[PDB]
Amino acid sequence: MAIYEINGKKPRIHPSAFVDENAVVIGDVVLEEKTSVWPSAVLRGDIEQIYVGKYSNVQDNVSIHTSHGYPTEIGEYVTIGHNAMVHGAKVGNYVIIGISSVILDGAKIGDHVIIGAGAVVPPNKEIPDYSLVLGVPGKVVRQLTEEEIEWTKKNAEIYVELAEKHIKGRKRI
Amino acid sequence: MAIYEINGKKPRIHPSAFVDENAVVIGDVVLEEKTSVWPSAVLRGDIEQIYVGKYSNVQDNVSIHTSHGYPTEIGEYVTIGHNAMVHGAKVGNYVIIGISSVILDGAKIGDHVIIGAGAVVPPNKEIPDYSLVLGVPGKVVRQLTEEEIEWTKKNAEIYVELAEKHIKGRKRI
Amino acid sequence: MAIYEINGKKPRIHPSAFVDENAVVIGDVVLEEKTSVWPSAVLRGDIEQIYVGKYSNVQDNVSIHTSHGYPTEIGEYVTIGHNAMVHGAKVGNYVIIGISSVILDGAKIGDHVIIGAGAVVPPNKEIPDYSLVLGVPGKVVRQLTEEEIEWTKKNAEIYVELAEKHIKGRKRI
Ligand SMILES: [Zn+2]
Ligand SMILES: [Zn+2]
Ligand SMILES: [Zn+2]
């Protein structure tokens, strides 16, 4: 949990979603069904809206924010890796945001995309569907393989099940 | 909030500052007027002092620490981007520390400087005023433009207003 | 603290260890004597076990997780730097994981190793003993010097003392 409203705007969280009590969700944030927000993950909807599509996960120590005129939209089946940071960007469906990677303002990530760990997607950068992105500044290095494409969805499914495990079996001690 | 003292040393926080209750401020830490510390941001003043100049922001999931003999001094109008990490360094005025970047021990960042997202400033590295720094190890790639210089201050001003919004309108639900 | 069990599995924490109340320890996690987990550090043992050897520290805003079939084992005298991320990897003794670095699944870090800040150790990557690793993807650039080797242990010792300071002198205010 650790949900807050700011100036009237309240987060809209679907009942099936899992928001760790150590995560922080503030203001204009929408979490669709079967989404999950993990420990120390922060979704600060105090400027533009932060929309998180169904079956998507926002892992441990992630930050999601926006800039004026630059809302953040996360698609379906999106995996936002541990310690990653998404800032005022649009992310398509079946996208794996690598651990500790960074997606900046105005960027547009296509569907079925994998952003490598530690990669930095520059402002306004557009990433085509089925791409593997690496480096700083991140560049499309090649297209995803059949295996990787399957994974762009399975990674998210694994988290949907994991989220449910926590909702039913977590206990503070 | 989530403020703690350690062995007698208590943080000195100006009344106008905003410290998110999910942030963690420990020991020898000084926060001047109109400063702001956001969710999961950690300022651990358990070794050397951590000084944060007025109008500066320490964003979500940032860590600020020190090494023996290496205190951390943040200037005025400094923006420490989401998930960044400052360790025993001296940062001048009107500096934007990029998202997920790293500033190491002994480094000295001049005034009106922009450190790119994911950049790593090596130990004892000195950055001249009006510089744009990119890479790992971070290097001065060019001087800031008129627009960027204006931004080195406006970024901080935006946060001063944002901080006030939170102080007056945040509500746990 | 902020310790939780999940589906029966409870963390096993030695009495001498220090777990900041703002850190998050979940499930199958073992913390040996004189270990320390700092603010916003997250050890999610909800898949494979996370084992932390004695005298090791998991610094501020770190995340430690695993993948199915890929448990995370941290050796003795290991320093996991601020904002770093270890995912389903095996780390030897006297290893310094650089600030904001990333160690991926299947990797095996030898003993007396230093991973540079912001470095990314690729999946299944094996790092020889006494190595300095830099870059993305991280590569062994040279062997450690006498000074650095001494440091691979002293860094951890400093934290053992620091941990004790917190256990005895921390006070919420
Ligand atoms: Zn932001
Ligand atoms: Zn430190
Ligand atoms: Zn994971």
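All other residues with a Cβ under 12 Å from the Cβ of A:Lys108 taken together, and with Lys, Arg as +1 and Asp, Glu as -1, what is their net charge?
Numbers: positive: A:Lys90, A:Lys125; negative: A:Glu73, A:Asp105, A:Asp111, A:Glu126, A:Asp129.
Taking every Cβ under 12 Å from that of A:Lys108, the sum is -3.
Please report C:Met85, A:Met1 as a ranked list, fewest other C-beta atoms within 10 angstrom at the top and most at the bottom.
Details: C:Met85 29, A:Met1 15.
Listed from fewest to most nearby Cβ atoms, that is A:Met1, C:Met85.
Taking H as built 1.01 Å from N, whose amide H comes closer than 5 Å to the amide H of C:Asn22, not counting residues under 5 places away?
The list, which skips near neighbours in sequence, is C:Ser40.
If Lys and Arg each add +1 and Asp and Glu each add -1, what is the summed charge of the other residues whose beta carbon sits under 10 Å from the beta carbon of A:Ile6?
Details: positive: A:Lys9, A:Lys10, A:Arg44, B:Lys165, B:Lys168, B:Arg170, B:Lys171; negative: A:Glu5, A:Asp28, A:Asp46.
Every neighbour counted, the sum reads +4.
For the protein assembly as shown, just say rounded, prolate or oblate: build the C-alpha gyration tensor, square-root its eigenvalues into a ≥ b ≥ c, call rounded for a/c under 1.5, and beyond that prolate if a/b exceeds b/c, oblate if not.
Judged from the Cα gyration tensor, the protein assembly as shown comes out rounded (a/c under 1.5).
With a Förster radius of 56 Å, plug the Cβ-Cβ distance of A:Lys165 and C:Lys165 into 1/(1 + (r/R0)^6) and report the FRET value to the nearest 0.05. Can you show the working numbers first?
Values: r = 37 Å, r/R0 = 0.65.
Efficiency computed from Cβ-Cβ geometry: 0.95.
Cα gyration tensor of chain A, axes a ≥ b ≥ c as square roots of the eigenvalues: rounded (a/c below 1.5), prolate (a/b > b/c) or oblate? Don't skip to the end; give the middle numbers.
On the way: a/c = 1.97, a/b = 1.29, b/c = 1.53.
In terms of gyration-tensor shape, oblate.
Only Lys, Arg, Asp and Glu count, each charged at its Cβ (+1, +1, -1, -1), so figure out the dipole size of segment A:96-173 about its Cα centre, rounded to 20 debye. Kindly include the intermediate steps, with their values, before the conclusion.
Numbers: 11 positive and 11 negative charges, 113 e Å.
In total the dipole reaches around 540 debye.
Cut-off under 26 Å on the C-alpha distance; same-chain residues fewer than 8 positions from B:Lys139 excluded. Which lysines are left, in chain and number order?
A:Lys125, A:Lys139, B:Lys90, B:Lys108, B:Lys125, B:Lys153, B:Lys154, C:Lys139
Using the alpha-carbon centroid of each, what span in Å lies between segment B:109-156 and segment A:1-30?
35 Å
Show which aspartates and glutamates lie in cross-link reach of B:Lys171 when reach means a straight Cα distance below 16 angstrom and same-chain residues fewer than eight apart are skipped.
List returned: A:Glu5, A:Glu21, A:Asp28, A:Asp46, B:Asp20, B:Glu21.
Once the other residues with Cβ under 14 Å from the Cβ of B:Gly135 are scored (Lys, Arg +1; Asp, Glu -1), what is the net sum? All intermediate terms of the calculation are to be shown ahead of the outcome.
Numbers: positive: B:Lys125, B:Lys139, B:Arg142; negative: none.
Result for the neighbourhood of B:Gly135: +3.
Would you mind telling me which residue in C:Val140, C:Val121, C:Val160 has the biggest mean-square fluctuation in a Gaussian network model of chain C, where springs connect alpha carbons within a distance under 10 angstrom?
For chain C, modelled as a Gaussian network with Cα springs under 10 Å, the answer is C:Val140.
Once the dipole of the protein assembly as shown is set up with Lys and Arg at +1 and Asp and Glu at -1 on Cβ about the Cα centre, which of A:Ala119, A:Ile26, A:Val78 lies farthest towards its positive end?
A:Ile26
Neighbouring Cβ atoms within 10 Å as the yardstick, rank C:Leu162, A:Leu104 fewest first.
Working: C:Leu162 18, A:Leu104 23.
Ascending Cβ contact count within 10 Å gives the list C:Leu162, A:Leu104.
Calculated from DSSP H runs of 4 or more alone, at -39500 (n - 2.57) each and per residue, what is the 222 nm mean residue ellipticity of chain A, nearest 500? Provide the component values of the computation, followed by the final result.
On the way: 1 runs with 24 residues, N = 173.
Value at 222 nm, helices only: -5000 deg cm²/dmol.
Read-outs throughout are calculated quantities, based only on the coordinates presented, and are distinct from any laboratory measurement. Note that we place each Cβ from the backbone using ideal geometry, even for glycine, and neighbour counts take in every protein chain shown.
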